[PDB]
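Source file: coords-v7.csv. Holds: CSV, N, CA and C atoms.
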chain,number,residue,atom,x,y,z
A,1,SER,N,20.1,-6.3,-14.1
A,1,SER,CA,19.9,-5.0,-14.7
A,1,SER,C,18.4,-4.8,-15.1
A,2,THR,N,18.2,-4.9,-16.4
A,2,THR,CA,16.8,-5.1,-16.9
A,2,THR,C,15.8,-5.4,-15.8
A,3,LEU,N,15.8,-6.7,-15.4
A,3,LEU,CA,14.9,-7.2,-14.3
A,3,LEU,C,14.5,-6.1,-13.4
A,4,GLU,N,15.4,-5.8,-12.4
A,4,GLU,CA,15.2,-4.8,-11.4
A,4,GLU,C,14.6,-3.5,-12.1
A,5,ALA,N,15.1,-3.2,-13.3
A,5,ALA,CA,14.5,-2.1,-14.0
A,5,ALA,C,13.0,-2.2,-14.0
A,6,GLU,N,12.5,-3.4,-14.3
A,6,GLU,CA,11.1,-3.7,-14.2
A,6,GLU,C,10.6,-3.9,-12.8
A,7,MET,N,11.5,-4.1,-11.9
A,7,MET,CA,11.1,-4.0,-10.5
A,7,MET,C,10.7,-2.6,-10.1
A,8,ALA,N,11.6,-1.7,-10.1
A,8,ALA,CA,11.2,-0.3,-10.0
A,8,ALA,C,10.0,0.0,-10.8
A,9,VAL,N,9.9,-0.6,-12.0
A,9,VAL,CA,8.6,-0.6,-12.7
A,9,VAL,C,7.5,-0.9,-11.8
A,10,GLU,N,7.1,-2.2,-11.6
A,10,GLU,CA,6.1,-2.6,-10.7
A,10,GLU,C,6.0,-1.6,-9.5
A,11,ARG,N,7.1,-1.3,-8.9
A,11,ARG,CA,7.1,-0.2,-8.0
A,11,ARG,C,6.4,1.0,-8.4
A,12,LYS,N,6.4,1.3,-9.7
A,12,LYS,CA,5.6,2.3,-10.3
A,12,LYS,C,4.2,2.2,-9.7
A,13,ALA,N,3.3,1.4,-10.4
A,13,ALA,CA,2.0,1.1,-9.9
A,13,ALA,C,1.9,1.1,-8.4
A,14,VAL,N,2.8,0.4,-7.8
A,14,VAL,CA,3.0,0.5,-6.3
A,14,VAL,C,2.7,1.9,-5.8
A,15,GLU,N,3.5,2.8,-6.2
A,15,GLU,CA,3.4,4.2,-5.6
A,15,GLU,C,2.3,5.0,-6.3
A,16,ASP,N,1.9,4.7,-7.5
A,16,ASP,CA,1.0,5.5,-8.2
A,16,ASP,C,-0.4,5.6,-7.5
A,17,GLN,N,-1.2,4.6,-7.7
A,17,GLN,CA,-2.4,4.5,-6.9
A,17,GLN,C,-2.1,4.2,-5.4
A,18,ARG,N,-0.8,3.9,-5.1
A,18,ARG,CA,-0.3,4.0,-3.8
A,18,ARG,C,-0.6,5.4,-3.3
A,19,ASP,N,-0.7,6.4,-4.2
A,19,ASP,CA,-1.1,7.7,-3.9
A,19,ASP,C,-2.6,7.9,-4.1
A,20,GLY,N,-3.0,7.7,-5.4
A,20,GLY,CA,-4.4,7.9,-5.7
A,20,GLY,C,-5.3,7.4,-4.7
A,21,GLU,N,-4.8,6.4,-3.9
A,21,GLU,CA,-5.4,5.9,-2.7
A,21,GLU,C,-5.5,7.0,-1.6
A,22,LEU,N,-4.6,7.0,-0.7
A,22,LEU,CA,-4.7,7.8,0.5
A,22,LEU,C,-5.0,9.2,0.2
A,23,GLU,N,-4.4,9.7,-1.0
A,23,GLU,CA,-5.0,10.9,-1.5
A,23,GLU,C,-6.5,10.8,-1.7
A,24,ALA,N,-6.9,9.8,-2.5
A,24,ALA,CA,-8.3,9.7,-2.8
A,24,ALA,C,-9.2,9.7,-1.5
A,25,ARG,N,-9.0,8.8,-0.6
A,25,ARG,CA,-9.9,8.6,0.5
A,25,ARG,C,-9.6,9.7,1.5
A,26,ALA,N,-8.4,10.0,1.9
A,26,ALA,CA,-8.1,11.1,2.8
A,26,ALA,C,-8.8,12.4,2.3
A,27,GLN,N,-8.8,12.6,1.0
A,27,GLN,CA,-9.6,13.6,0.3
A,27,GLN,C,-11.1,13.4,0.7
A,28,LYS,N,-11.6,12.1,0.6
A,28,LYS,CA,-13.0,11.9,0.9
A,28,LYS,C,-13.3,12.4,2.3
A,29,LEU,N,-12.7,11.8,3.3
A,29,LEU,CA,-12.8,12.3,4.7
A,29,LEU,C,-12.8,13.9,4.6
A,30,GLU,N,-11.9,14.5,3.8
A,30,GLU,CA,-11.9,15.9,3.6
A,30,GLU,C,-13.2,16.4,3.2
A,31,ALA,N,-14.0,15.5,2.4
A,31,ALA,CA,-15.3,15.9,2.0
A,31,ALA,C,-16.3,15.8,3.2
A,32,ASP,N,-16.1,14.7,4.0
A,32,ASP,CA,-17.1,14.6,5.1
A,32,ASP,C,-16.9,15.7,6.1
A,33,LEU,N,-15.8,15.9,6.7
A,33,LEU,CA,-15.6,17.1,7.5
A,33,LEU,C,-15.9,18.3,6.7
A,34,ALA,N,-15.6,18.3,5.4
A,34,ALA,CA,-15.9,19.5,4.5
A,34,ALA,C,-17.3,19.9,4.6
A,35,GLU,N,-18.2,19.3,3.9
A,35,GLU,CA,-19.6,19.7,3.9
A,35,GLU,C,-20.2,19.6,5.3
A,36,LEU,N,-19.8,18.6,6.1
A,36,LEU,CA,-20.3,18.5,7.4
A,36,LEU,C,-20.1,19.8,8.2
A,37,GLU,N,-19.2,20.6,7.8
A,37,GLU,CA,-18.9,21.9,8.4
A,37,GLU,C,-19.6,23.0,7.6
A,38,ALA,N,-20.8,22.9,7.2
A,38,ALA,CA,-21.5,23.9,6.5
A,38,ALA,C,-22.7,24.4,7.2
A,39,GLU,N,-23.3,23.6,8.1
A,39,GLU,CA,-24.4,24.1,9.0
A,39,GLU,C,-23.9,24.4,10.4
A,40,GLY,N,-23.7,23.4,11.2
A,40,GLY,CA,-23.2,23.5,12.5
A,40,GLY,C,-23.2,22.3,13.3
A,41,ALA,N,-22.5,21.2,12.8
A,41,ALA,CA,-22.3,20.0,13.6
A,41,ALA,C,-21.2,20.2,14.6
A,42,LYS,N,-21.4,19.8,15.8
A,42,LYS,CA,-20.4,20.0,16.8
A,42,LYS,C,-19.1,19.3,16.5
A,43,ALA,N,-18.0,19.7,17.1
A,43,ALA,CA,-16.7,19.2,16.7
A,43,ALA,C,-16.5,17.7,16.8
A,44,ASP,N,-17.5,17.0,17.4
A,44,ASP,CA,-17.3,15.6,17.7
A,44,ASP,C,-17.5,14.7,16.5
A,45,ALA,N,-18.6,14.7,15.8
A,45,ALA,CA,-18.8,14.0,14.6
A,45,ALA,C,-17.8,14.4,13.5
A,46,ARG,N,-17.3,15.7,13.6
A,46,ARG,CA,-16.2,16.1,12.8
A,46,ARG,C,-14.9,15.4,13.1
A,47,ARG,N,-14.5,15.4,14.4
A,47,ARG,CA,-13.4,14.5,14.8
A,47,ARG,C,-13.6,13.1,14.2
A,48,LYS,N,-14.9,12.6,14.3
A,48,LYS,CA,-15.2,11.3,13.8
A,48,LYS,C,-14.9,11.1,12.3
A,49,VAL,N,-15.5,11.8,11.5
A,49,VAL,CA,-15.1,12.0,10.1
A,49,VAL,C,-13.6,11.9,10.0
A,50,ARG,N,-12.9,12.8,10.7
A,50,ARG,CA,-11.5,12.9,10.6
A,50,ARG,C,-10.8,11.6,10.9
A,51,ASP,N,-11.3,10.8,11.8
A,51,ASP,CA,-10.5,9.8,12.5
A,51,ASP,C,-10.8,8.4,12.0
A,52,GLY,N,-12.1,8.0,12.0
A,52,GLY,CA,-12.5,6.9,11.2
A,52,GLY,C,-12.0,7.0,9.8
A,53,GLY,N,-12.3,8.2,9.2
A,53,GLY,CA,-11.7,8.5,7.9
A,53,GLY,C,-10.2,8.3,7.9
A,54,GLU,N,-9.5,8.6,9.0
A,54,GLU,CA,-8.1,8.2,9.1
A,54,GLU,C,-8.0,6.7,8.8
A,55,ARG,N,-8.8,5.9,9.6
A,55,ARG,CA,-8.8,4.5,9.4
A,55,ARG,C,-8.8,4.1,8.0
A,56,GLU,N,-9.8,4.6,7.3
A,56,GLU,CA,-9.8,4.5,5.8
A,56,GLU,C,-8.5,4.9,5.2
A,57,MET,N,-7.9,5.9,5.8
A,57,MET,CA,-6.7,6.5,5.3
A,57,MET,C,-5.5,5.7,5.5
A,58,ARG,N,-4.8,5.9,6.6
A,58,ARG,CA,-3.6,5.1,6.9
A,58,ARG,C,-3.9,3.6,6.6
A,59,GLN,N,-5.0,3.1,7.0
A,59,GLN,CA,-5.6,1.9,6.3
A,59,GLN,C,-5.1,1.9,4.9
A,60,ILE,N,-5.5,2.8,4.0
A,60,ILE,CA,-5.1,2.9,2.7
A,60,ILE,C,-3.6,2.9,2.6
A,61,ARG,N,-2.9,3.9,3.0
A,61,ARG,CA,-1.5,4.0,2.9
A,61,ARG,C,-0.8,2.7,3.1
A,62,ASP,N,-0.9,2.1,4.3
A,62,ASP,CA,-0.7,0.7,4.5
A,62,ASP,C,-1.0,-0.1,3.2
A,63,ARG,N,-2.3,-0.2,2.9
A,63,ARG,CA,-2.7,-1.0,1.8
A,63,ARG,C,-1.7,-1.0,0.6
A,64,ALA,N,-1.5,0.2,0.1
A,64,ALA,CA,-0.4,0.4,-0.8
A,64,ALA,C,0.9,-0.2,-0.1
A,65,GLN,N,1.7,0.7,0.5
A,65,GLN,CA,2.7,0.3,1.4
A,65,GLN,C,2.8,-1.3,1.6
A,66,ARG,N,2.5,-1.7,2.8
A,66,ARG,CA,2.4,-3.1,3.2
A,66,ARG,C,2.8,-4.0,2.0
A,67,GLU,N,1.8,-4.8,1.6
A,67,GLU,CA,1.7,-5.3,0.2
A,67,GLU,C,2.9,-4.7,-0.7
A,68,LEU,N,2.7,-3.5,-1.2
A,68,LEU,CA,3.7,-3.0,-2.1
A,68,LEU,C,5.1,-3.4,-1.7
A,69,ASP,N,5.4,-3.3,-0.4
A,69,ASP,CA,6.7,-3.3,0.1
A,69,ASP,C,7.2,-4.8,0.3
A,70,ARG,N,6.5,-5.5,1.2
A,70,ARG,CA,6.5,-7.0,1.1
A,70,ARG,C,6.9,-7.4,-0.3
A,71,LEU,N,6.0,-7.1,-1.2
A,71,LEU,CA,6.4,-7.2,-2.6
A,71,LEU,C,7.8,-6.8,-2.9
A,72,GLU,N,8.2,-5.7,-2.5
A,72,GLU,CA,9.6,-5.3,-2.8
A,72,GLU,C,10.6,-6.4,-2.3
A,73,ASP,N,10.4,-6.9,-1.1
A,73,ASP,CA,11.3,-8.0,-0.7
A,73,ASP,C,11.2,-9.2,-1.6
A,74,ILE,N,10.0,-9.7,-1.7
A,74,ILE,CA,9.8,-10.9,-2.5
A,74,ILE,C,10.6,-10.8,-3.8
A,75,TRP,N,10.7,-9.6,-4.3
A,75,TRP,CA,11.8,-9.2,-5.2
A,75,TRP,C,13.1,-9.6,-4.5
A,76,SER,N,13.7,-8.6,-3.7
A,76,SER,CA,14.9,-8.8,-3.0
A,76,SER,C,15.3,-10.3,-2.9
A,77,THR,N,14.7,-11.0,-1.9
A,77,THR,CA,14.3,-12.3,-2.0
A,77,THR,C,14.7,-12.9,-3.4
A,78,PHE,N,13.9,-12.7,-4.4
A,78,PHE,CA,14.3,-12.9,-5.8
A,78,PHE,C,15.8,-12.5,-6.0
A,79,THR,N,16.0,-11.1,-6.1
A,79,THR,CA,17.3,-10.6,-6.3
A,79,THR,C,18.4,-11.6,-5.9
A,80,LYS,N,18.1,-12.4,-5.0
A,80,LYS,CA,19.1,-13.4,-4.4
A,80,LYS,C,18.6,-14.8,-4.5
A,81,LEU,N,19.6,-15.7,-4.6
A,81,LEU,CA,19.2,-17.1,-4.8
A,81,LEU,C,20.4,-18.0,-4.5
A,82,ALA,N,20.2,-19.3,-4.4
A,82,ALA,CA,21.2,-20.3,-4.2
A,82,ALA,C,20.5,-21.7,-4.1
A,83,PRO,N,20.9,-22.6,-4.9
A,83,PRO,CA,20.4,-24.0,-4.6
A,83,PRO,C,20.4,-24.3,-3.2
A,84,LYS,N,19.6,-25.3,-2.8
A,84,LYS,CA,19.3,-25.6,-1.4
A,84,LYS,C,18.5,-24.6,-0.7
A,85,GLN,N,18.4,-23.4,-1.2
A,85,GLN,CA,17.6,-22.4,-0.5
A,85,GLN,C,16.1,-22.9,-0.4
A,86,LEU,N,15.7,-23.1,0.8
A,86,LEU,CA,14.3,-23.4,1.1
A,86,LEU,C,13.3,-22.9,0.1
A,87,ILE,N,12.1,-23.5,0.1
A,87,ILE,CA,10.9,-22.9,-0.6
A,87,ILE,C,9.7,-23.1,0.3
A,88,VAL,N,9.2,-22.0,0.9
A,88,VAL,CA,8.0,-22.1,1.7
A,88,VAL,C,7.0,-21.1,1.4
A,89,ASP,N,7.3,-20.0,0.8
A,89,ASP,CA,6.3,-19.0,0.5
A,89,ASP,C,5.1,-19.5,-0.2
A,90,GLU,N,5.4,-20.2,-1.3
A,90,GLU,CA,4.3,-20.6,-2.3
A,90,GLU,C,4.0,-19.5,-3.2
A,91,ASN,N,3.0,-18.7,-2.9
A,91,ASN,CA,2.6,-17.6,-3.7
A,91,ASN,C,3.8,-17.0,-4.5
A,92,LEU,N,4.6,-16.3,-3.8
A,92,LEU,CA,5.9,-15.9,-4.4
A,92,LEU,C,6.4,-17.1,-5.2
A,93,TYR,N,6.8,-18.2,-4.5
A,93,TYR,CA,7.4,-19.3,-5.2
A,93,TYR,C,7.1,-19.2,-6.7
A,94,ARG,N,5.9,-19.5,-7.1
A,94,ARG,CA,5.5,-19.2,-8.5
A,94,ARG,C,5.9,-17.7,-8.8
A,95,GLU,N,5.1,-16.8,-8.2
A,95,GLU,CA,5.1,-15.4,-8.6
A,95,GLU,C,6.4,-15.0,-9.2
A,96,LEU,N,7.5,-15.4,-8.6
A,96,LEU,CA,8.8,-15.2,-9.2
A,96,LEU,C,9.2,-16.3,-10.2
A,97,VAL,N,8.8,-17.5,-9.9
A,97,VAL,CA,8.8,-18.5,-10.9
A,97,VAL,C,8.0,-18.1,-12.1
A,98,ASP,N,6.8,-18.5,-12.2
A,98,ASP,CA,5.9,-18.0,-13.2
A,98,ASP,C,6.4,-16.7,-13.8
Whole structure given in structure tokens:
Amino acid sequence: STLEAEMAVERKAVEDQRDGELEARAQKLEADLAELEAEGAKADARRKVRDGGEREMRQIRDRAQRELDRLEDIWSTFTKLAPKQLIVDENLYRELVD
């Protein structure tokens, strides 16, 4: 009960700047194509802004995601147990130990 309650907790931060991220940077990109579109730069470097900026972006999303989620299992993982159950992760090992 409790425990997982604090799971969804950590999930909090997970999704919080899990947003402030791709929101943040995707926004940034939005700034690059933004001002970049005030004089007359051809559509190409604008595509570039958009797309490398994407890299920063989905990059970001992932960054949250990925991690965050993996995390979710290492929980799950946790959520479940049984003597004899292997230990190979290490990091987690503690992480849920500790």
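Going from atom N of residue 54 (chain A) over to atom N of residue 14 (chain A), you cover 22.4 Å.
Interatomic distance, CA of residue 30 (chain A) against CA of residue 45 (chain A): 13.1 Å.
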Taking the DSSP secondary structure from the backbone, can you list the residues of chain A that are helix (DSSP H, G or I), as an MDAnalysis selection string? chainID A and resid 2:36 43:79 91:96
Identify which of the residues A:75, A:7, A:63, A:80 lies closest to residue 92 (chain A), counting all atoms listed in the file when measuring atom-to-atom distances. A:75
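Residue nearest residue 96 (chain A), chosen from A:83, A:73, A:23, A:60 and counting only C-alpha atoms: A:73.
Minimum atom-to-atom distance to residue 58 (chain A), evaluated using only N, CA and C atoms, belongs to A:25 out of A:88, A:32, A:74, A:25.
Between atom C of residue 69 (chain A) and CA of residue 85 (chain A) there is a distance of 20.5 Å.
Among the candidates A:64, A:40, A:57, A:6, the one nearest to residue 27 (chain A) when counting only N, CA and C atoms is A:57.
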At a cut-off of 8 Å from (-17.4, 17.8, 7.4) in the coordinates of the file, what residues are picked up using only N, CA and C atoms, written as number ranges by chain? A: 29-38, 45-47, 49-50
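Restricting the calculation to only C-alpha atoms, the smallest distance between residue 53 (chain A) and any of A:97, A:26, A:9, A:3 is found for A:26.
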